[PDB]
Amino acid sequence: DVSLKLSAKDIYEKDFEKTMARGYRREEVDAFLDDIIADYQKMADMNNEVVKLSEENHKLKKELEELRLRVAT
């Protein structure tokens, strides 16, 4: 819900099918993806932090639920 679907490496490993005519200019698409890649790289740390906090959030909530059940023995 909150973390990125794609990573920098998904973007810079991506290639597209080629068409004989009326496709998009390759130099223009590649230059645009150059900047997109740079943005994903810049976001990597913050996205790693949101994933780590999310998984730890889930683990804390689960242990809290388990222990609250234990004290209600």
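Residue numbers run from 1 along the displayed sequence.
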Mean temperature factor over C-alpha atoms, higher-scoring stretch between 64 to 72 and 4 to 12: 64 to 72
message: Using the temperature factors of the C-alpha atoms in this entry, rank residue 44 within its chain: lowest, middle or highest third.
response: middle
- request: Going by the recorded CA B-factors, say which third of the chain residue 27 sits in, lowest, middle or highest.
  value: highest
query: Hey, what third does residue 20 fall into on Cα B-factor, ranked over its chain?
result: highest
